[PDB]
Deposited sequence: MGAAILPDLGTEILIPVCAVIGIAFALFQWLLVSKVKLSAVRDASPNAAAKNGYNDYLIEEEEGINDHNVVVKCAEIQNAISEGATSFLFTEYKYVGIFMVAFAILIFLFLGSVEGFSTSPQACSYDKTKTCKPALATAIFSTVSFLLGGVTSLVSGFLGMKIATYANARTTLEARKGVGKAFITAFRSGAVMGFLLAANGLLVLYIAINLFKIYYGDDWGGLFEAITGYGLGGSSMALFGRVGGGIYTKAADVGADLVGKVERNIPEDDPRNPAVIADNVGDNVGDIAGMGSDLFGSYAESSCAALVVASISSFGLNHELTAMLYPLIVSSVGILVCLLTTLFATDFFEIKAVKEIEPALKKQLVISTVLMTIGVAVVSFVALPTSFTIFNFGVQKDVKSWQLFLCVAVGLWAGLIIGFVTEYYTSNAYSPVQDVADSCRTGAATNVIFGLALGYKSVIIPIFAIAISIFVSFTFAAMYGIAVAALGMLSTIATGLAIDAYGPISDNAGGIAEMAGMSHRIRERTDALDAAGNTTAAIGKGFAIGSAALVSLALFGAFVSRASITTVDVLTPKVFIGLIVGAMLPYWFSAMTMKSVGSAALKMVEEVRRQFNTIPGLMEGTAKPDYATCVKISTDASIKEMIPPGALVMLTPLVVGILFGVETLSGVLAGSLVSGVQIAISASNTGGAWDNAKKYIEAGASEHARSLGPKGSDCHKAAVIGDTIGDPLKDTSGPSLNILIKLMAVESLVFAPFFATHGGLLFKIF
């Protein structure tokens, strides 16, 4: 049946919303351009600009290098997709009867092999763009945030947040518009075969996350090598400020924030958005919506994202125009209110969307069977994801903000040294997983019960329906991070650094939250994808108690540890090289410590560049090859266990690592800020307590910025990869069992 919203309306609505989000982005970038600076104390404006140029140059330089390799791998992998998928049917041009309706004729598998390759390259390119554009806004906004810190926290908050919003709206609108264009273009060929149309479209999410994996790991190793070395020698060893221009590793540190925390994070979340939409589309494609060619209801997930863009635009105005911050304690609650307002507004918007864009009754594909589902049930599926996210947000704030006991107790444990700081920080992280998991479990149960894999997919998308805002508050953080980096390097007033420090502490929390959303939605979408894989692979039952499934389960559960081993070791080793180099300069460059001689920043940039371009390959190989090796050698049943295991296991370590690192960082920020009697008693900077906090913070650096956040990509990537290659594994896989 039709929805109230006609098919042609939907065709207009979606791009109109994408354009509005892009226009909003441009507008905000315009208001940000009103902060003037140039390299041509006017000396402080000039100095900020030179430091900005050095960071902008370094970030653009690394991404070009990183993206070169990644782009080459993308082209190579696109060839694997075409060959493997095309080999399922012997590269035949013959049409065959539709698997979803034998009375109809469908386009040949070969075309779907071709179009899958096309959508994979689309998604890979859009992912690269997402990280790159993010880096361009951040390296533009950073020094403008620093100058605005002269007028106070509030003002600096606005430019950092407006800019964060520039990244959020661009990335969401562009991801939505590309997906919308791909669908229409593919439709010209596929016609009434919507089954094959949306099967080909799933490459979009595979391309998104493939590129994101390397972006996150690569950028992550770069930034943390620099960060750890800079901090340990400068702060623990040489008793100088954080980001002191005498430190040779500092430019690389600050390039690092843009190259990992921004560019990697942006690709990462684009991957989340693309997989969630694609997962919803495929299940819908062989459900009542796709089978009856009802465009509006078919595109229900895109309509949800369209309204999310508009909802977030409104929400943004509360932080941007309707409120002014005047005190430091207002920063975090303003960020939190962004999540609360969007959640409340999006709940109404999802209700409207479910009312106009769905028929009241319809059927959802449920493992071979059409299940009767009502529109108010679908409303609940997306709403429970959206609300699970907010919960995850509130909980993650509790565990990572220095406004609450857990982090203050972590800081407090520094009084007995580094070892107690770390014991307390590890325990906090472990503790932190409890409620997010229960929230995710509730989303799964609710959405699984109402609408099977479609419901779960749409719950994932629900959690990401407010992605423009989520990205805004997240991207706000590394921009505020660089801003204080620039303030210190430019030799600015202490009052400036105190304000940037307040913005940056809130950005640590907001970064943790962003990881909570990525992990939550990854658990959801991976389960939707897992269930779709099982159908696509003609598995009758994924039975835990068969030898093939179980070995997949326990091996899958180990993958996140193997992956974390590799990334931790990489950062550890490169940071070790970094400490040696920084020590060498402090110890052998005459006048460096006295500020009369300038250090060699390029060498530190090179150390972190060489380690990340090299060391990103094994962890990327582990994730990308696992489904292929398991699918080809052991078959689809074993891969099933691998998908379930990696999901349930990876999510625990992902969460605990991200929150542990977050807690260590803000515990240190709390000592640095000395804003209460307790904080002050752990001070001053340079005290044994502070240096113990720094030890904890630097251990947390690769935890929260390299391994931790990349884990969500491991999970969700192996799941789309498995789905896309499913026909190939089902037909030509399981070799070991076939030859024995």
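Numbering the deposited sequence from 1, one finds several regions with no C-alpha coordinates, namely 1, 42-66.
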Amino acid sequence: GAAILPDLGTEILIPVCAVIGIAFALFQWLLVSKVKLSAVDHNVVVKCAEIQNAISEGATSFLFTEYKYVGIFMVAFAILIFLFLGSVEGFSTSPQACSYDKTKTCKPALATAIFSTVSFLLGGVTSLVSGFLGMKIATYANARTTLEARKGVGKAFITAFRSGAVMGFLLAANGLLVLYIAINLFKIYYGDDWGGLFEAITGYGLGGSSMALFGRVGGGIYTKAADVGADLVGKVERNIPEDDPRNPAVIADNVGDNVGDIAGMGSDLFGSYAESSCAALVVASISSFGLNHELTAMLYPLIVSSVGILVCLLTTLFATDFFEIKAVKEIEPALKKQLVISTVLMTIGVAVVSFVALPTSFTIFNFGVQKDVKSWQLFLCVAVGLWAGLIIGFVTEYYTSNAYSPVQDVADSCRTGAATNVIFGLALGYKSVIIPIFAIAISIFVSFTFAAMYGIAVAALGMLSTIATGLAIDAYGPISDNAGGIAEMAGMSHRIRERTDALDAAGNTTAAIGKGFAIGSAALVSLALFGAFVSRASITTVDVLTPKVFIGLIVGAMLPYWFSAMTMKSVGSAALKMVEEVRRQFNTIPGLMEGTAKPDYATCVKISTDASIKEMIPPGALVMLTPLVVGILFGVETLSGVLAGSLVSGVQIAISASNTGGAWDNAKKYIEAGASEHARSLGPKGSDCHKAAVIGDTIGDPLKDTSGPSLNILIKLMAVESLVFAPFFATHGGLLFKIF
From here on, numbers count along this sequence of modelled residues.
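Taking the PDB entry as given, 491-499 carries the higher mean Cα B factor of the two stretches 422-430 and 491-499.
Judged by mean Cα B factor in the deposited record, 354-362 ranks above the other of 354-362 and 634-642. As recorded in the PDB entry, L147 shows the highest C-alpha B-factor of the residues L147, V458, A512, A523. Taking only the listed residues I695, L26, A679, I713, the entry reports the highest CA temperature factor at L26. The PDB entry assigns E57 a C-alpha temperature factor belonging to the highest third of its chain's modelled residues. Per the deposited record, the Cα B-factor of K685 falls in the middle third when ranked against the other modelled residues of its chain.
Residue-level temperature factors show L559 in the lowest third of its chain, judged at the C-alpha atom. For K668, the recorded CA temperature factor ranks within the lowest third of the chain's modelled residues. Ranked within its chain, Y180 lands in the highest third, by CA B factor from the PDB record.
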